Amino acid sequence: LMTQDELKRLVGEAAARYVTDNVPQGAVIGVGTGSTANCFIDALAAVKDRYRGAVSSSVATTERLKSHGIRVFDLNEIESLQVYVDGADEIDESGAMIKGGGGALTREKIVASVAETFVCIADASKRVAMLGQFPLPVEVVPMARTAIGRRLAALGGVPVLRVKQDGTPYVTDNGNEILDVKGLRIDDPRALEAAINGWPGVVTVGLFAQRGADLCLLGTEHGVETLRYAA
């Protein structure tokens, strides 16, 4: 019996081993966001002296990295990254992911765009036949909130403006709102990502499909599976 937390530790450790097996000494590591990514951070901390530091995908991740004395570089200082290690809210058989549930959509997608290899770390619950039962985050310019909402509704999506504990709109780092869209059945993630990216007022869509996972270390009740997807 392994709890979800134990499966997350297991994939975090497995990703640290993937990095030490595949990424040479002195490298800068691209680092994701979320509870699973935090397990990877803690595991990577035990070999931190082998690497020059990290690029971070969120304030929360930067904070955790610094709590281990890991140097954090601004992505603008970095020309390339071999690896980016991050979770997913969902991942399908093509390696397309929904991400952004905890809000860091935009910076995750930026760091992922620079990295040669996206290593998804996930417990078994994240692997789904078809994306969309986890609500799709769409980061939007505030003046476009209802325009984008209408476009999502025309697809049968149920758009929910993300709110704080106090019921005022969650606002991201770039002064933007998030619409979490429910009820979509995303049988073609690449095509839907392209469509949503064509909408003025969309900042980032939490479909990582045109650039999805290159591999996934999936923590199951029978151990870690390594899933690989087409370059």
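Note that residue numbering follows the sequence shown and begins at 1.
- The stretch 44-52 shows the higher mean C-alpha B-factor when 44-52 is compared against 187-195 in the entry.
- The mean Cα B-factor in the deposited entry runs higher for 173-181 than for the other of 60-68 and 173-181.
- Each of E79, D89, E139, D123 has a CA temperature factor in the record; the biggest one is found at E79.
- Among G156, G95, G132, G100, the highest C-alpha B-factor recorded in the PDB entry belongs to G156.
- For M143, the recorded CA B-factor ranks within the highest third of the chain. Only modelled residues enter the ranking.
- When the modelled residues of the chain are ordered by C-alpha B-factor, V163 sits in the highest third.
- When the modelled residues of the chain are ordered by their C-alpha B factor, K109 lands in the lowest third.
- Residue-level temperature factors show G212 in the lowest third of its chain, judged at the C-alpha atom.
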